[PDB]
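Q: can you look at this? It's an experimental structure, sequence on top.
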Amino acid sequence: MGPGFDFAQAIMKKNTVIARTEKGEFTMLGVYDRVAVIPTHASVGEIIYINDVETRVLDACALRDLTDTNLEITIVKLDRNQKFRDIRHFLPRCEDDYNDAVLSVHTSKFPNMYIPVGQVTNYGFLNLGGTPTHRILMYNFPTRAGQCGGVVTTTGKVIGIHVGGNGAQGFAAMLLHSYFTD
């Protein structure tokens, strides 16, 4: 409807796939080459489905900060015959707060879904499903099951992926440029 949704749409149309694990169907953001991210609670194994095609996982790394605290981001390298558009230049360099964010989801259950979630707070620490977690972003929208892996954007920035909620608020793990240096 406006320039927030335009950026969000441009990211969904070229940089997302539908990932399926034994734990469910997820929105999966492709970042560059054959490298994508997914919530760690997806429990990525040796094999994953990408748009319903059996795909070998060349590497999977559950990120933790330097205090050995969960960040809830898994970086996956896929044995895929095609590269993603490189969007690493849209990733923030530091932890921050944001105005006027959009959460975008694309699954079988929720195709072409966009939610204006408004202000995003640098929440920091969250006990997420009983797991101490750092670098959490919070927005005040009643996010539901099926939205995990959803991409959080502002105009010009891809800032996080949705990893949970409590009925009233939603929570995203931060994406930082330094996760994807090679």
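A: Arrived safely. Residues are numbered from 1 along each chain as shown.
Q: in contact with residue 118, which residues?
A: 99-101, 139-141 (Cβ atoms under 8 Å, 6 or more residues apart in numbering). All C-beta spots, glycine's among them, are computed from the backbone N, C-alpha and C.
Q: please repeat the previous calculation with a cut-off of 10 Å.
A: Residue 118 makes contact with 98-102, 139-141, according to Cβ atoms under 10 Å, 6 or more residues apart in numbering.
Q: my read is it is in a strand, agree?
A: Yes: counting by DSSP: H, G, I helix; E, B strand; the rest coil, one finds residue 118 located in a strand.
Q: who is it paired with across the strands?
A: Here residue 118 sits in beta bridges with residue 101, as judged by DSSP bridges.
Q: from residue 102, how far out is it?
A: Noted for residue 118: a distance of 10 Å to residue 102, by Cβ to Cβ, to the nearest Å.
Q: next one: residue 46
A: Using Cβ to Cβ, we find residue 46 at a distance of 34 Å from residue 102.
Q: same drill for those two, tell me which one is more crowded.
A: Each of residue 46 and residue 102 has its neighbours counted (other Cβ atoms under 10 Å); residue 102 has more, 24 against 8.
Q: please consider this matter closed, and thank you.
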